[PDB]
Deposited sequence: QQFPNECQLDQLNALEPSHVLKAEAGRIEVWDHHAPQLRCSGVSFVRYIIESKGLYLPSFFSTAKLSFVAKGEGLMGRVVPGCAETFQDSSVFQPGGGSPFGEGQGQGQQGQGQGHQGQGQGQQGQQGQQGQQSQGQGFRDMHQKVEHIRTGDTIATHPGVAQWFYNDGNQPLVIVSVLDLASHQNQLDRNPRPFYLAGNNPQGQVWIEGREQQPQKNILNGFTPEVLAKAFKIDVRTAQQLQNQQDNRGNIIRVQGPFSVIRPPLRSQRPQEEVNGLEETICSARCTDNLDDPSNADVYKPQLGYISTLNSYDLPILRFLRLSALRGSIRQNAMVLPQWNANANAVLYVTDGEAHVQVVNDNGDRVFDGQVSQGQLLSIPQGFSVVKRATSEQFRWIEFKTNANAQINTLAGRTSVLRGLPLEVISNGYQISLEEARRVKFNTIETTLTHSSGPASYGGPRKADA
């Protein structure tokens, strides 16, 4: 700072701190990484084991979640909505994107054996974050004996739940419970973490085997659904987006999402986000990508493989070529309506330039300019063979 975005290297990142819990593990990326600090965001991935519950929490930041693996239940709770009688539970499965306003509590539960992987971007720079430039979870139940290790200056003390901060008597008089039941909720010394294992069953919602001024608004949608893809060249792959126009609640989150499933040796044409920072998380497979900054320098050139995260701040241009049989990723963008501009193909900035600018710009023939401008016939996905 105040040059946070003068980036000379990008590296494909993995988590920095790992909260080990009883039934899975929260894994958090270091938002102090220059590249994340440039993005404005942190990243975290829940890994949830069988019979595991991610206990209710809420954040100071808009959140956008993508369930990368397995399936389960997610539970939302807001102010004023119509709340055994609880607010609505939901079946979540792989490909589902999930939007949360700041201050909204959410829990997740895994029923199966396949681990439930949920992957999330916390938007730190948004005005909606009226605190701080760290990810700040507020736990309603779990105790976190490791403490806030993702936030420096913590000095190695535990992070108890919200209820622990109150005296047990004021709790008692508030909930109308016994002072000893009050203390129970404080989960003092509780070793489990925030992903706890459920004893007995979880008759939360019955899966029927039968089959703003928007509190009714829907906050889930599936991205793996090619019916709704922005592009579908079945031989190459599909890319799918999530706009304000698909979930109105996003206009306010200022957040967006893209899903991509491509096949070995398919190339995503070189592009840049006109109005958003990206953060790209690989779901399945590996691709070879190059990234170019404002100085025309190559800030990244390498494989990006599953579980990894690459930051693509506004204006940086990327080019991706699948290496593995198939490659499936998800990009999170800091704009409720992210715009892409391609540098190649039939909708490229170059394509919209007059030939004569192209020849004089590159000091090349008029015919060569004609080639570079018209040859690549595809819009966003093309073939390619090599390394």
- What ranges of the deposited sequence, counted from 1, have no C-alpha atoms in this structure? 1 to 2, 86 to 140, 269 to 279, 456 to 466
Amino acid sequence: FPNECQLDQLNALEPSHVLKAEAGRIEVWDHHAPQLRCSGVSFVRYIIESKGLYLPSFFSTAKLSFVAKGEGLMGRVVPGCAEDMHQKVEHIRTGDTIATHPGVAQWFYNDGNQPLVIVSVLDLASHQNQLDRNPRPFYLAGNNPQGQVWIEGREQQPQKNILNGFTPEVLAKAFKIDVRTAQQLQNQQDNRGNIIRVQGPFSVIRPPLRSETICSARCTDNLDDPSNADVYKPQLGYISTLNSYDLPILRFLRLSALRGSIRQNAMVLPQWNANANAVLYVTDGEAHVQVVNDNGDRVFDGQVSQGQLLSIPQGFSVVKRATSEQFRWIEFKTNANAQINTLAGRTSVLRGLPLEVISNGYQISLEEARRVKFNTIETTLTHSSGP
From here on, numbers count along this sequence of modelled residues.
- Looking only at CA atoms, which has the higher mean B factor in the entry: 174 to 182 or 95 to 103? 174 to 182
- Query: Per the entry, where is the mean C-alpha temperature factor higher: 285 to 293 or 196 to 204?
  - Reply: 196 to 204
- Note on the structure: Per the deposited entry, the peak Cα B-factor within the set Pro135, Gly72, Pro145, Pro313 goes to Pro145
- Query: Looking at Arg251, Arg259, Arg263, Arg76, which has the highest Cα B-factor in the entry?
  - Reply: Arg76
- Task: Sort the modelled residues of this chain by their C-alpha B factor and say whether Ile340 lands in the lowest, middle or highest third.
- Result: lowest
- Message: By the recorded C-alpha temperature factor, relative to the other modelled residues in its chain, which third is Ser60 in?
- Response: middle
- Message: What third of the chain does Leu131 rank in for C-alpha temperature factor, lowest, middle or highest?
- Response: middle
- Temperature factor at the Cα of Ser50, chain-ranked in thirds, falls in the middle
- Position of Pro34 among the chain's modelled residues by C-alpha B-factor, lowest, middle or highest third: middle
